[PDB]
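Alright, here's a single protein chain in two forms, structure 1 and structure 2, each given by itself as structure tokens.
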Structure 1
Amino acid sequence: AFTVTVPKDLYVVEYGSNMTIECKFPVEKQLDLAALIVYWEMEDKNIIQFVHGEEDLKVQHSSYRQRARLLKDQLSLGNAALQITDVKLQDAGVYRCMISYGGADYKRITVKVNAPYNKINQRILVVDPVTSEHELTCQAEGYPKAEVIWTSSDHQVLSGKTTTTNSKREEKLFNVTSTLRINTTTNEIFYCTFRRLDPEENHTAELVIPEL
């Protein structure tokens, strides 16, 4: 009988990427478009309703107008391919594709969206120009949550303090800030590493103590 197949239950996608998620269905020689209905959905938001050879924009959820599309050309090969452009953290969750072509069936697809701690900002300030205590700062945005390990030029761990909040520019992006307050010298090298899981990622910035 009619069943739908999912090549993969789970897509892991980088923030700002293009994404193609697929549901397969059995098709003989020629495709009967007047019988085929494809329906993609997420969190009750209606993404695609393809009926009688066309996507029904009338039923579509507004915030998908220009960014989501079914690949008509793939349908002939029994592939219902939903493409979402510029994938954001909002786009993570469980998607469902229902296909009706003879019988009907539906499957679930999980998207999880990464965001890399690639842009690490840093600040170096002098606390007391007598004791030579410095305040070092690293901050970056990413997903999921990262912890910060501070290491010396000699690869020893130092006690920093991390604060973790939500971003304002994008969405559920974690804003991670860590401060190291230490007595140190000109030309000394410190390293702050952002450590996140899913999948594992260790991203490091380098801070050098300036002059006068």
Structure 2
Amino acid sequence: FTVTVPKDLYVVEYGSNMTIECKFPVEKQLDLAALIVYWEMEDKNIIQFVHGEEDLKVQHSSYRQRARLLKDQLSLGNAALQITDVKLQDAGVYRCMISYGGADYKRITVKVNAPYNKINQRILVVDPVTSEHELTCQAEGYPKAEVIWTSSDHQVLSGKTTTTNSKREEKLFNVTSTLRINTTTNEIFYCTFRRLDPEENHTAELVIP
């Protein structure tokens, strides 16, 4: 008897839902009087499954109404922890621990990627005689990002970027950048939100109307 993990690492996007698995030998059928499943992370209990039931009282405050153990999977020899709406606090080392005659644990590490991939934009005519426009790009993510404006002819341009803490998601940043430029209908520009360590670029295409 030993627990096995088909996936050692999980990379999961902010706000989405994850299923992290642990597999254990089940020759015949589950004797739920003998079955225990314990999920935790950084010494905080997520799930304690005993005598066929989830002990939700011992569940840590953080995970209330978010985490649960898929029970259809238990019959197959698979203890699947599903957590919904992944925060940046859910980055950590997750211990899964099962006792069924023998008893053994495995580790699973989770990283939470919070990309600047929901990009909002605005294009305004500031002065139609000089055909000066104001382009704007906003997005949210973690950590801080810089905005990089480029034209269709690959010219870097000077934008004005304003980084604040997000009024939606406490831990994320709200990055808004503004480009003033002279241009005409159908010309194409790009704003590119750049995170670092490791580098990651998300880019939206603005079409001047």
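Just so we're on the same page, rigid core means the largest C-alpha set that superposes within 1.5 Å between forms. By convention here, residues take numbers in order along the sequence of structure 1, the first being 1.
Hey, with one rigid portion rotating against the other between structures 1 and 2, which of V27, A115, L158, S100 would you call the hinge? Answer to the hinge question: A115.
Mind giving me the turn angle of the little rigid part against the big one between structures 1 and 2, whole degrees please? It comes to 32 degrees of rotation for the smaller part.
Would you mind giving the Cα movement of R65 between structures 1 and 2 in Å, after fitting on the rigid core? With the rigid core fitted, the alpha carbon of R65 is displaced 1.6 Å between structures 1 and 2.
After superposing on the rigid core, what is the C-alpha displacement of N183 between structures 1 and 2, in Å? Displacement of the alpha carbon, after core fit: 12.2 Å.
Distance moved by the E170 C-alpha between structures 1 and 2 (core-aligned, Å): Superposing on the rigid core gives a C-alpha shift of 2.9 Å for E170.
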